[PDB]
């Protein structure tokens, strides 16, 4: 089975979390930061709204690997919504690492540079929180920009975007399978639709570690 969730950002000015929860959504990932200085200005309102509605929630960071080291961006994310504790409410932070919206393929980095950047981000995140962050990407992007790199599969939960009625057939890297599948960019209650791989009990274990 799966558990329904979703992800949102300042592109959604207002979200009815109560309505999403009534409709089966149990968790939400919320954009907190991007690059080295951008704070998503709706994050606070979303995160509070999600908390009051009883959803599991966590933050996500939009990576811009050309702008700084992975550790710098991890630290910025951690100070601005990307934190985690075992409080029954919190998903580990998610690194959104994929297509550069600013028009340079793979952010101008080589495979080895990109793999190093992502290692730097995820290691900093783990150092600070004791949790490996989730990695959000597509199989296509992971192949192009990392050379389909192994080494993250046994530590970082994979959040895999592949818009389809059927679950993803191509699993990147050395991941066994996805932890969360982003199945559409058109969710009724706002943002993107997500599906956690398993029952609620396993989702609560993703939250607690």
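Numbering follows the first chain given and starts at 1.
- Look at the C-alpha B-factors of 169 to 177 and of 64 to 72. On average they run higher in 169 to 177.
- For the pair 146 to 154 and 24 to 32, the mean Cα B-factor is higher in 146 to 154.
- As recorded in the entry, 102 carries the highest CA temperature factor of 125, 102, 117, 136.
- Of the candidates 201, 16, 193, 9, the one whose C-alpha carries the top B factor in the deposited record is 16.
- Ranked within its chain, residue 50 lands in the middle third, by CA B factor from the PDB record.
- Ranked within its chain, residue 163 lands in the highest third, by CA B factor from the PDB record.
- In the deposited entry, the Cα temperature factor of residue 86 sits in the top third of values across the chain's modelled residues.
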